[PDB]
Structure formats: C-alpha cells, structure tokens
> 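Okay, handing you the structure first.
All values below come from the heavy atoms of this structure, side chains included, with hydrogens, waters and symmetry mates left out. The sequence lines fix the lettering, A, B, ..., with proteins before strands; numbering per chain opens at 1.
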Amino acid sequence: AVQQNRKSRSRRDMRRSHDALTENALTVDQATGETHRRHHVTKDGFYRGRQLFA
Amino acid sequence: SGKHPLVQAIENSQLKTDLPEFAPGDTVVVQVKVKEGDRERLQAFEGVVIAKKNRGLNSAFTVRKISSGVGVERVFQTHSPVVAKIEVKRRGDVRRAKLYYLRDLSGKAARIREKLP
Amino acid sequence: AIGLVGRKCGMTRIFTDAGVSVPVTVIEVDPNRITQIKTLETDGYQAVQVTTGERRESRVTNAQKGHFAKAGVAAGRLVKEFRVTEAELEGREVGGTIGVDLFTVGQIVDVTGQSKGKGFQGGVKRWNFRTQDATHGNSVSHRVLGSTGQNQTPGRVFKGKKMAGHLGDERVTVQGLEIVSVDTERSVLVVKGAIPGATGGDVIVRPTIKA
Amino acid sequence: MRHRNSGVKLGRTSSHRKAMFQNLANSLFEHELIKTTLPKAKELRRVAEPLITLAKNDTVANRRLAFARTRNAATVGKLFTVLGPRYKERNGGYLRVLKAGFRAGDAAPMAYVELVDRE
Amino acid sequence: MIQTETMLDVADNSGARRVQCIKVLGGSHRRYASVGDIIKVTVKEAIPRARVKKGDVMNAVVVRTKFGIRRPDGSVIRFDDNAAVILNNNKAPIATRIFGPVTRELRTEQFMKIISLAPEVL
RNA sequence: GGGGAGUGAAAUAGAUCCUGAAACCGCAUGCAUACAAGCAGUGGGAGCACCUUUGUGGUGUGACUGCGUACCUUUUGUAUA
RNA sequence: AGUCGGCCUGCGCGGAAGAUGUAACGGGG
RNA sequence: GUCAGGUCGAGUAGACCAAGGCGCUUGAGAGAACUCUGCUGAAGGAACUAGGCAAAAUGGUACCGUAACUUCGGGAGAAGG
RNA sequence: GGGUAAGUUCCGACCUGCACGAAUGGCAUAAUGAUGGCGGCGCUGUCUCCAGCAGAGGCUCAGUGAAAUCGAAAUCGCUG
RNA sequence: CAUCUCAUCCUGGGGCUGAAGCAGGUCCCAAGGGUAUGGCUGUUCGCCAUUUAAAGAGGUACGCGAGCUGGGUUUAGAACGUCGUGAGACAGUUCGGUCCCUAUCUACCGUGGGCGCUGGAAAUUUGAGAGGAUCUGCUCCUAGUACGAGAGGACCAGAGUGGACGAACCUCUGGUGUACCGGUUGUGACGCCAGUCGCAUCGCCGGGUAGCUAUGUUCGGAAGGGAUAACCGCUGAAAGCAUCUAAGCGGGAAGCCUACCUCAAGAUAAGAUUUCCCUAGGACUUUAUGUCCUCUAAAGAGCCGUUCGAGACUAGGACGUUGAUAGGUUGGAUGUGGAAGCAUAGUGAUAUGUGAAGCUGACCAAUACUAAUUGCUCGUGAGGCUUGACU
Ligand SMILES: [Mg+2]
Ligand SMILES: [Mg+2]
Ligand SMILES: [Mg+2]
Ligand SMILES: [Mg+2]
Ligand SMILES: [Mg+2]
Ligand SMILES: [Mg+2]
Ligand SMILES: [Mg+2]
Ligand SMILES: [Mg+2]
Ligand SMILES: [Mg+2]
Ligand SMILES: [Mg+2]
Ligand SMILES: [Mg+2]
Ligand SMILES: [Mg+2]
Ligand SMILES: [Mg+2]
Ligand SMILES: [Mg+2]
Ligand SMILES: [Mg+2]
Ligand SMILES: [Mg+2]
Ligand SMILES: [Mg+2]
Ligand SMILES: [Mg+2]
Ligand SMILES: [Mg+2]
Ligand SMILES: [Mg+2]
Ligand SMILES: [Mg+2]
Ligand SMILES: [Mg+2]
Ligand SMILES: [Mg+2]
Ligand SMILES: [Mg+2]
Ligand SMILES: [Mg+2]
Ligand SMILES: [Mg+2]
Ligand SMILES: [Mg+2]
Ligand SMILES: [Mg+2]
Ligand SMILES: [Mg+2]
Ligand SMILES: [Mg+2]
Ligand SMILES: [Mg+2]
Ligand SMILES: [Mg+2]
Ligand SMILES: [Mg+2]
Ligand SMILES: [Mg+2]
Ligand SMILES: [Mg+2]
Ligand SMILES: [Mg+2]
Ligand SMILES: [Mg+2]
Ligand SMILES: [Mg+2]
C-alpha cells in the first residue's frame, strides 16, 4: 500500500527515463510554402492543392 | 455465399439437386435410411416443420412430432444422404419463421391453419 | 520430413456415402517453390527452404530480391524451412516446386499454425481457474486469482505460477489429422478436424511424426 | 475481444449515439462542410452516405424512409432535390474527411467533413 | 444431460412415476448421463400396489433426454421429457411394458428387451 | 513577465526589494557506468581529463581488488524482522 | 597339502526415512 | 408551510407530456484483465451456502371457491381457478 | 419413532430433571411478529460451470493535481 | 490457489507365502501422473448414503483474511440453568451483533524501450538450455484354455470403446448477439389522416447475421532408444566345494536421460547460412580506427497515413496510387416474414392482390468513388591490431 523507504532521486530519474516527448511529422506544403502537420489540412484550409472556405 | 469461393466450390459438388419447396408450418414426411446391421430400410418421420435454416450445404430443418404422448423434435441436415426423401403433405399458414411456441402448446392449441391458394 | 505451406481458407463438411458428416478444414496450397537447400557441408544440417504466395516488388527488399533471384523463383509472402533427411532429398532441387500431391488421401498429418489471439486474459479463461461464490457475502473478488502463495516460507511467489496474462497468438500444432481429399486442380488439401488460427492464416502441413 | 466487430461506442448509449449521428448528418446535409472529431467523422460516413444512396431514387416510400432516418423535413427535401440529383452517377464516396489538427480545450484530433462536389 | 438431483419420468410399468438421480455411475468425477447411461436413482413417486416402493434406491438406464442425442450425420433428436427405465441389481430391465419412444443407442445385448418392447424406436 | 535605455555608490539594492545558509530542484563541463549481486565505505590501485612542471606535483574521477550486516535506546544478549 | 574356530584389539560395513534446492567437508575438489 | 395543469389512472402512485426550468464546471479516444451496475442464457433446478443470502418468481379488476383451528371478531387476498 | 438415499438440526415420545416448577409466575393459547428452528411447492446463474452482451471505471491522450509512509540504500534465490 | 516429503492410497517392477487358479497377506524398489459427490454438524474430524483404479499420510505461520467469507470462539443487548446477599460470574447454553488500505521494493505473470553482439542491413536458422505433457476404467480376443474334485478361473499378447484432464476450433448442435427484421402497450410529436420517430429496463414480446463462446466438434497422453532401482542371472576365484562379483559378461520399472509439444544466441561462449549496401577531396598535427572543413546520405529503418481475425499502451501483420488497406457503391448471400402506396372485399375491425415483397451491423466478390502526398528524420563513405594459413 505504501513505500517502506523513501525512493532515492536516482531511481526516480531512472523511472522518468522513458518520459521524453517526440516531435511531430511536419511537411512544407508546396502550393503555399507553408509548414503543416503531415496528412493534415493547414490552418488556412489548404490540403494537397485543394481549398476549403474560399 | 458468405464463404470464400474455394470453400463454395468444394461444398457445391455435394448439394442435392431435387429438394421440395417446403416452409415452416408444413407437415412433411421424411424418409430416413436406417441400418439394423446388414439390413437397410426406410423409416418415416412425419411432423410439422418448425424451423428451417438456409445455408447451402449447411442447411437444416427441424420437424416436431408427437409420438406415443411424448414430443420429439428432430433436426435434419437437408443434404445428408440419410434423408432419402422429403414429401410435403400439407402446407401451413404461419406469420413467423420459427414456430418455437408450438413447443409449449398441445393438441387443439397446437393446430396450424392450412394454406390455400 | 518435407511439408507444405498453405492458408486456412475455412471450415466445411463432407458427407460420406454412408451418411456420416465429417467436419473438414480447407487449406489452400499455392505450390511451394524451393528457394534453398541446406546440407551438412555448408550449414551443418539438412533442410529445404521454400517460398509460397506472392509479394509485390516494392515490398521486397534488395537482400531478399537477390536471395530469390539466385534461385529461379519469384518472391513469396513468406519463406519457411523444412528439416529433412537424405533419401527425402532425391529429386529435390532449387527452383523446383513442391505441390499438393505430396500427400495421399487418408494419410495422417500434423498441422501447425498461429492460434487466435485473445489479448490479456485472467485466470478463469487462461488457466480454467474456478470462480469464487457470486452471492454469499462475497466482496469485490469473483474472478480474481485467490491465494498466490504461502506464508513467509518460502516468502515469495514460485516461478511458473499461473496468473493473468496474454493468451493465444502462439504457435500450435495439432497432430493426428486425416487427409480427407487432395484436389490437385484447385491446389487444395481438405483435412479432417480443426486447425489452429483464423481464416487466411498460414499453416504448415507435415507428415505425422508419431508414425 | 472485438474480432471483426464493426461500429463505434464513443462513450454513449446506443440511443444517444443514434441521435447524435442523426444530428450530425442533418448538420452536414445543411452546411455541406462541418468540423467534428476524427472518429465521429469516420463513423459519419457509414451513416450519411447510405442516405444519399437512398435519395438517388425519388419515391414516396424512399422519402418516408429518409424521414424515418433523419426526422428532418428540410433535410429530406434537400436530399431528394439537390444532393440526390448531384451524386446520380457517382458510385459512392460522397463525403471527404480531412484531418484538421486538434481541439484547444481538449487536444482531441479534429477533422473536416465536406461533400465532394460542393460549392 | 442427467446429473444428480435431476428428476426423471419412468418410461416403463415397474411401478415408479418419478425418480431422482443420485449418482452418475462409471467413472470418478463423472458429471452427466446421456441416453444409454446407467444411473443410480431413488424413487419419489410410485403407484400404490407395485413391486417398487417410494424411497427405494435402484439402478436405471436413461432412454430419453431433453438435451438430445447427436447422430453421425449432424442431426439432433430431442425429447420433451427426461425418462429412465429401472433395472435389476445386475443391470437388467425389470419391466414388461415400455412407454413412449426410445432411440437406437440402446441396441446392445443388455438393453435388447427395452428395444423389443418400445412402441417406437427412433 | 522580461530585454534594453535611464536613476542610483550599488538594480542577482526593482518593490515577493539588506544580507541571502541548508534541505530541495535545474542546466553545463570532466571522469565513470548497460555480464553484474548486499550498510555503499575503507585499504590498495590502472586508466582518463585538466592544471602546472620538467614533480617521487596538484585537482576531479575510479576499472579491478582485500576487508566490511547504519545510528540511538533498552537489554544477559540486537544487522536484528 | 596346511586346515579348523575361540579370544583381544586398529580401521572400516549395515542398522540410517521429510517436507523451497545439492544442503550432515564453507566450496572446488 | 403554500401552489401544483394534460392523457390514462382510485390516486398527490406510475408512464409520457404542458407551463416553467434544466443537460448536474474536466473532456477526447480505446473498447484488455479485473471491479461495479444491468440484460439474456442449453441441460439440470438448492446439488450452493452457516443459512435459498442474493436473485428469479408472485402481483390488477370482477366472479367462483377456500382447510385445520378460533377468544366467533378472525384465520382469509387461506389455498386455487 | 417420523421425516431424507443418507438428518449432531427439526418434530413426536420416553424420564436417568448433572442442574424445571407455579405472579424473578407454571402449562397452553386464536390473532399478531422485517422474531428463532425445521420441512415442502413454485422459481431461479445460488450452484454444476460459466458464456455473451450493455453502461460506468480500469487503459491511452490533453488539462488540474492528492494521500498514508519514509534511518539510508548499488533493495535476487537457496542452504546454513 | 497451491508447493514440497515419502513413512505409497491407485497405477508400474520384484522376493516370500500357511502362493493350485482367482484373489489375497507380507516385505523390497518406485513420488510420473492421479487421488469422490452428498446428508448431519460452525466444524476439522466423525458417522452415514452412493461411487471410484484409488478416495494416501504429512510439511508449508496447524500454507493461503494488504485474495474472499465470518458460521464457531472472544466486546458492548438479552434470557435460561447454576453460583453469589449483591455488583456480577461460568466445567455451560440460547437469540443478535461495522472485516480498512489506490502496491514503493523483492517475487511472480505478461508486454515494451536502451544498449551490446569486432562496418551496416534484410531474411532464414542451429539448439546450450527451459517449460508443458506423463492418469486410468470396462468390453472383446487369446479361452472357458492353463489351474482346479468341482466351484470358479488366469499369466503373456492383441483389438475396441469410455471417464477425468488438456488443447485447438466454430462445419454441426446451442447460447448470446442493446447499430438486423417483425409484433404490440401507454404517451408525446412530426399541421391532420395515413405513415413512423422519441421515451417507458433494449418499454415489452418473437426471431436472428457475423464475432465470441460450451454444453458443440476434432485432436492428445503413441511407439521407440539409452542408462538404471529392487530383483533374476551367466561364467568365476578369494575359500579344491559353493558363490550374481572380487576380474569379465547380461537382463530388469508408470521412475531417470532422451523421445512428443512450445520457447530459446543478453548461450556477453552473444553461434550459423543466403543475399544486399557503402570505393570524395582536402588541410592541421597529439602521428593515429587522430581533428576540422567541403562533397556525400546508400542498403535499410522509423515517423506519418488506411488498417487488422494483432493489441491496455506497445509490439506484431498488411497496404500507401505502378493501390483493393479501410470506407462507400454494385452484385450475391443471409435474417425477418408479406413494406409503402394503390386497388379490391367488408358497416368496421381487418383480409387479399400488386410481390416472398420491403428492409436487411459485422459476411463473400467485384469496383479507385472517398481517404492512404508531394515528404521528413535516422542510418554513411570499404570496417583496428597481432599471428597463422593459403595467396
Ligand atoms: Mg541530474
Ligand atoms: Mg464492504
Ligand atoms: Mg459483488
Ligand atoms: Mg471489420
Ligand atoms: Mg469517458
Ligand atoms: Mg430506451
Ligand atoms: Mg549581491
Ligand atoms: Mg535580497
Ligand atoms: Mg561492461
Ligand atoms: Mg525487551
Ligand atoms: Mg529480553
Ligand atoms: Mg551481532
Ligand atoms: Mg530496526
Ligand atoms: Mg528490513
Ligand atoms: Mg411522479
Ligand atoms: Mg438456465
Ligand atoms: Mg431452459
Ligand atoms: Mg445442501
Ligand atoms: Mg457442500
Ligand atoms: Mg431474499
Ligand atoms: Mg427482483
Ligand atoms: Mg439443513
Ligand atoms: Mg425459572
Ligand atoms: Mg408460591
Ligand atoms: Mg415466585
Ligand atoms: Mg434439505
Ligand atoms: Mg542491484
Ligand atoms: Mg530467502
Ligand atoms: Mg520408499
Ligand atoms: Mg463429509
Ligand atoms: Mg493457517
Ligand atoms: Mg459469528
Ligand atoms: Mg458454432
Ligand atoms: Mg451465433
Ligand atoms: Mg396517425
Ligand atoms: Mg421525459
Ligand atoms: Mg450491400
Ligand atoms: Mg412496419
């Protein structure tokens, strides 16, 4: 139910050794030069040479 | 036709070609091949079709009779060679596909209306 | 003993003339192509490496491209080895084919496959554990393991204790199956009984080792 | 296990789920472009495309079926006068789903659903 | 599928009406008795002037089950009741009349009489 | 909230404002560390890095190795679970 | 052609079965 | 403490609604074990267990019918149809 | 003795009452009791022996963010 | 939910017998597997009923309450008998009487990330080793034979069919199947009639496709080899004889090692085979798998996307346009059981026809209509030295 000894700072860091984040997959769109998330629409509404909300 | 074409081709080489058009509610006589050792003969099982399953070679039909006071249900595999012959005596006029409620009726209450052209 | 690699196509039934219904599994056998032969002087054991099926060229690495091109076979979807003997290696040669006619009707075989995966399972499903009473004052433990050991001697849990875990998805062999039919025009085996895995999974058919 | 099972749950009862997809389909047929969560958008295909397939042929029985599945008379009118005639010789694929980042308050992945030859 | 505590109709004229299975014989931890299996019973109901008394522990053979018998072609045969036939201490039927139908799984040397006396043998 | 500019002797004296310790939490550099069993030190000891020097020098680290079951209290007696 | 069986002693043999793992030389041997 | 509509209903019970008021201040996915809360379940039917615990079951209105015993009131909505 | 295949419980007896007994009342008693014991019909996942499914957690992601405990830990097994 | 011991309950192998046979008694070897269900009682036990091949004896905090229960016993209420003047008490009895903890470490069951493995990669593998499994009844035959006065009744060997247990699977038989079909009650709504939605446990009721599943279906514990235990020997001295033993040579068990199944090179001893990829220039010295700059970015891996009979997350499998990966569409199949509208018959409830119609999750097959991108990152530039062989 609870620890019998306080965990040392070294073991705590060794547990967090798997906590790192990853970057996302970003691509530069060619029809706008923009950078967007891959397979995602841009915030301007562009995706693969197609426009939403002109 | 819910199976792969290969399973279909295998199971279609052993379908029976001459089966009568019967529906649940019909009274039928099924001839059944019986082996009393070396002797081969036919036994008649006559009763009401209360269920009918359509699966090609996995088809089946359930027949209910009342023998000697005891109800008997027999499920027949349609394309089994032990089913020698199916004969439709009389056709019934039901409103569902499964007449399982007949399992809880007896005598006058278990009568089925006859279908007339 | 050399076997075949096929795919579980599905289950059916075969009616015998005497009226008996036989549950059967259909194995589809694309004719296996011999990719390699391993001998004592080069590998230290004798075996026949075979390929079956087809794999598109963009999914075939260059290593495997060259390995299949050395032989005279096209890339298959998997490569498998069969450990054989001599005099079971007479007319075998690279670029040859091992078809479905390697088996006879009535021959007893073993079928190896990958069983269906059930994910994470508890003691009841994975070890046939018994459940505790559903309602006689029983608290929040009906399908739990119960005791996992003893008191302070040994003071631990022994190895091999049956607990919850991942179930299925393992390699399983069913021995003692009978060949019901050998359709060489459809390239199909029809065996009596059930074989491990799902429809579309890879299965290895070998002559029975019990003999 | 879940082998070969189709359908979603989305943390709702089946009544709530049916109602919510009815609402979503009505909204999409009215605006032709909506923003929703990505799993909702992917399940909306199996709900909204059979309605268009139904609206291809204009019979009273078909319009009544469309009303039983939408319960919106304006949606039925639009299906059978505009959307049906539009996708007459298109064989499926009336919706287009495009991933659209994440919601702020939620970090839930989002998607736009639009009709194919809209605007 | 007869287990302990199952009540059975008696399908003969030996004097019992209802019996109750108290043991499935023929193996340790054996759970069920199908058609043709031998069973230890106790007599719950009996006719007044009979050879069998209420409270008698006897042998019986199962002749009808509601669960059903499988046939080699894939068929099932179900009955609307569970029924047994009382036997001797040496496992022989003590009846002269069999009531209701029976099945051909009883076609052995010991149960030949049951077959011969049945009104219908399915 | 901060960076400049400016004020001031001083702004890591900027208002959570004299000084600004420890526990505790970051980042940077050097060395060690992913075949090895325990109060974590101690005695020895290779290698590396940096300072310096022509050192039998200094500073950090510490492969490998012998020995080694915390402190207090209470007890006849405690690594004591 | 040596053989018989009585003692007294040195060192051995049997009598000698237990529960987590050799486990009654600390170990290798 | 007061008010309190509609349909059916003996009813202020209950189901669905009106006027009126709300969606209960984390969401999104996934759809493992296990836990909770439910629904269904072959054959059997208390073999469970300290114990039929819990569940299942019964259930309305009218009419017929209703035992022992009784303090003559009951029991009694006995039971059952 | 009865009840059950089988009854340390139950009911009816017997009387050898370790150690009942007459207003700290004795022996009965219709009705009544969320009262104790025992038996039966029905009914059942209570069970044989569990299977499937629904919702809520669990699990993953984003946000917020406890608790008891804690000499210090580079915190394996076995035999002693 | 276990795990061990053997002083063995069954099954296996033997000696002796007051062992004719069957069956026993007794001792030796043997721990592989197996080793009841109920009635009574809080019981453990015990008795009884009925089975079974057998219903072993023990250790494990009289194993196991941070796994469950709480019937007994041992809190507070109350009563009986008994003791006490009494408050109260018990060699006793009776009715009633709150069971907490979100798991840090070790252990264990699963499942990953990192790095290593003498350049890198994609596959396929060997097997040091580990785990699992290991039970047994009855019938027939040999043969009514051997044996026996009869009664009765075998060894050895063969065949079949069961129980329990385990595994896989879903063709069959069923269960479930709250996104499939239908019937029906109440109420509200869609302007209304008709039609058909919401809510009432999925309202209730009847069916039911896939998937999952057992009670369903198939399979398994086969045979063999080697070394042995008790035991039986052969030849044979010591010890002229005898003697299984000292030399020498044998037989011999469900036990041991293999054999069957699964895992397995983190087996740091890091194994093997096949195939694939990388062959640019300079400068500076710390003169060495040396440093920096320019050129290079391969085989392949990952991210990402469509997904899955794979799955907690992962991992794993398939595919990403030179594409059937998912959805949709088309066709089929299935399930339900006679749609709506109209007509006709009827006073109407309703019936019939049009038409086995309409609808039909998850299935099968086709089909680029929608979505799987034009990308990015990681991974380098022939892989130290010393000996020995061929060169
Ligand atoms: Mg740090
Ligand atoms: Mg509780
Ligand atoms: Mg509970
Ligand atoms: Mg699917
Ligand atoms: Mg949620
Ligand atoms: Mg509802
Ligand atoms: Mg300062
Ligand atoms: Mg300050
Ligand atoms: Mg190291
Ligand atoms: Mg003390
Ligand atoms: Mg002391
Ligand atoms: Mg000490
Ligand atoms: Mg201490
Ligand atoms: Mg400690
Ligand atoms: Mg109310
Ligand atoms: Mg049931
Ligand atoms: Mg039932
Ligand atoms: Mg009981
Ligand atoms: Mg019990
Ligand atoms: Mg109750
Ligand atoms: Mg209830
Ligand atoms: Mg009792
Ligand atoms: Mg008194
Ligand atoms: Mg007096
Ligand atoms: Mg008095
Ligand atoms: Mg009882
Ligand atoms: Mg350590
Ligand atoms: Mg220990
Ligand atoms: Mg022994
Ligand atoms: Mg007992
Ligand atoms: Mg204990
Ligand atoms: Mg108690
Ligand atoms: Mg099935
Ligand atoms: Mg099903
Ligand atoms: Mg209307
Ligand atoms: Mg409401
Ligand atoms: Mg379709
Ligand atoms: Mg309708």
> How close do A:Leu52 and D:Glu114 get, counting heavy atoms only, and between which atoms?
CD2-OE2, 3.5 Å

> Would you say CZ of D:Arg118 has more than 12 non-hydrogen atoms from neighbouring residues, nucleotides or ligands within 6.0 angstrom?
yes

> Tell me, yes or no, whether the heavy-atom count around A:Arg12 atom CZ, taken from other residues, nucleotides or ligands under 6.0 Å, exceeds 12.
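Atom CZ in A:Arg12 is packed in, count exceeds 12.
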
> Where on A:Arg50 is there a heavy atom nearer than 4.5 Å to chain D: the side chain, the backbone, both, or neither?
side chain

> Calculate, to the nearest 0.5 Å, the distance between atoms CZ and CZ belonging to D:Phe102 and A:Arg37 respectively.
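Separation between the atoms: 4.5 Å.
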
> Quick check for you: to the nearest 0.5 Å, what is the distance between D:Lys99 atom NZ and A:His39 atom NE2?
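These two atoms lie 8.0 Å from each other.
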
> Give every residue pair that meets the salt bridge (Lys or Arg N to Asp or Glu O under 4.0 Å) criterion with at least one member in residues 32-60 of chain D, sequence neighbours excluded.
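Checked against salt bridge (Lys or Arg N to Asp or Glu O under 4.0 Å) - neighbours excluded - the pairs reaching residues 32-60 of chain D are D:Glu32-D:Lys78, D:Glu32-D:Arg86, D:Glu43-D:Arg46, D:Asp58-D:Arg63.
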
> Quick one: which residues of residues 18-28 of chain A reach chain D at under 4.5 angstrom, heavy atoms only?
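Contacts with chain D: none.
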
> Grab the two heavy atoms, one from A:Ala54 and one from D:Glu119, that are nearest each other, plus how far apart they are.
CB-OE2, 4.3 Å

